[PDB]
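This report concerns only the one structure given below.
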Amino acid sequence: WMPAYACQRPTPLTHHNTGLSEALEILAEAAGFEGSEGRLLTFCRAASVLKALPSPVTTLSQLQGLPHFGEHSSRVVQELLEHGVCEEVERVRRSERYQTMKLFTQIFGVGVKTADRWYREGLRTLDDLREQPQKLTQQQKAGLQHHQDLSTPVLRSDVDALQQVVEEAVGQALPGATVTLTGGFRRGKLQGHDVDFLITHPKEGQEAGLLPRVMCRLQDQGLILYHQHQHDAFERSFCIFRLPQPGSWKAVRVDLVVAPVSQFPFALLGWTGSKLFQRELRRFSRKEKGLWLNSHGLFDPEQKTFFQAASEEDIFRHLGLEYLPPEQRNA
Ligand SMILES: Nc1nc2c(ncn2[C@@H]2O[C@H](COP(=O)(O)OP(=O)(O)OP(=O)(O)O)[C@@H](O)[C@H]2O)c(=O)[nH]1
Ligand SMILES: [Mn+2]
Ligand SMILES: [Mn+2]
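So for the sequence shown, my numbering puts the first residue at 3; every next one is plus one.
Set out below in structure tokens:
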């Protein structure tokens, strides 16, 4: 037996059902590309159940009353087990719409709405986009310029080098300020699409104006290819770093987020993910406890109060959930 919400169960980094979950996640992604948000969430939830299982699913018998495994997801798994392939899934991977939406949405600064608009307008390839520069934002132009490097998985070794230069710049701009690795890498992932960092200072308000200072230092070292500085939402910089390598260099996406220390635990929880884990945690908070959780705080809408947290553990405890360390949040 297994609980209904992903935030009530451990989901480790590696598991026994990668083929099956990958197939369901293709269907989820495709649904998202078509604006079918309900179906996206349903397939995502089913995939996450398989990630939480202790053993491989070898026979259809092994589906067992456990939640979020409706008729459609079950059929997909059945066809994979019986035939080694699911025709609905293969049709999706071969479809020009899916391939193009994946191509476009993977580019830095491009979401589903933009990608779909471009598709509707007859655009199909990266060259097609480069032929219409007036259709691109500066962020998207930078994403295109660096698309090969940004499609290359970011490695732990890259993260460690980036954390060093970010820590050096933060430390030099403001003694006392801290850098925390978040995102998938905090969850134990060996690879990723970007590197996420959360910056704060133990004295509330000393983080004001820190990020532009950190950026100036990084820029003067030749480490920045692109940055977009966004001033109650957190101050942040969406960056492409130029990471030096032996004999070469690689562009790497980095998100730098600044949070005041009072909000830090909520920010760390939100930015650590996984995306599904956080969605589930928020749905759980609202549906089961009547509280609204986000990356800034935990609000009781009836009492009009905010919960004071010193740590992620405090937040889990307040919501009546057993603590899950980040490596068990890989929903
Ligand atoms: N509050 C908030 N959270 C965000 C935002 N963008 C991303 N996140 C969250 O930050 C976490 C990390 O996001 P990603 O970097 O896309 O995903 P990841 O788990 O790090 O996966 P890889 O980067 O591919 O390793 C996830 O929980 C996201 O939901 C944002 O603008 N605001
Ligand atoms: Mn990330
Ligand atoms: Mn990110």
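No residue lacks a Cβ here, since even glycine has one placed at the ideal position from N, Cα and C.
Three-state secondary structure (DSSP) of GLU84: Looking at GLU84 - three-state DSSP - the assignment turns out to be helix.
Spatial neighbours of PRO155 in its chain, beta-carbon cut-off 8 angstroms, leaving aside the 5 residues before and after: Taking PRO155 as the centre and dropping the five residues before and after it, the same chain places the C-beta of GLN193, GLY194, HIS195 closer than 8 angstroms to its C-beta, in chain order.
Three-state secondary structure (DSSP) of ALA49: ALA49 falls in the helix class under three-state DSSP.
Same chain only: Cβ atoms within 8 angstroms of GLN174, ignoring 5 sequence neighbours per side: Excluding sequence neighbours, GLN174 sits near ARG219.
Integer Cβ distance of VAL260 from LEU212, believed to fall under 8 angstroms: 6 angstroms
Secondary structure of residue 335, DSSP reduced to three states: A question about residue 335 goes unanswered here, because the residues of the chain that appear run from 3 up to 333.
6 angstroms CB neighbourhood of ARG41 in its chain, flanking five on each side removed: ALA33.
Bounding residues of the beta strand (DSSP E) (the contiguous stretch that carries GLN230): Residue range 226 to 232 is occupied by the beta strand (DSSP E) that includes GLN230.
When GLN305, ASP302, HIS298 are compared against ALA312, the one with the closest alpha-carbon: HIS298
Three CB pairs or more closer than 8 angstroms across the segment 238 to 245 and the segment 284 to 293: No: fewer than three Cβ pairs fall under 8 angstroms.
Residue range of the unbroken beta strand (DSSP E) whose run includes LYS252: 250 to 260
For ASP316, the first and last residue of its enclosing beta strand (DSSP E): Premise fails: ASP316 lies in the alpha helix (DSSP H), 314 to 320, not in any beta strand (DSSP E).
Local conformation of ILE28 per DSSP, three classes: helix
Cβ-based neighbour list, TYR325, same chain, cut-off 8 angstroms, excluding 5 preceding and 5 following: Excluding residues up to 5 positions away in sequence, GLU314, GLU315, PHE318, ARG319 lie with their Cβ nearer than 8 angstroms to the Cβ of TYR325 in the same chain.
Check your reading: residues with Cβ closer than 6 angstroms to ligand 3 heavy atoms: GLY185, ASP196, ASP198, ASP257
Whole-angstrom distance between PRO204 and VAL263, CA atom to CA atom: Distance between the alpha carbons of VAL263 and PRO204 is about 6 angstroms.
Continuous beta strand (DSSP E) assignments of at least 3 residues falling wholly in the segment 142 to 201: 180 to 183
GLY194 Cβ short of 7 angstroms to ligand 2 heavy atom set: yes
Segment contact, 8 angstroms Cβ cut-off, at least three pairs: the segment 150 to 168 with the segment 128 to 135: These segments do not touch.
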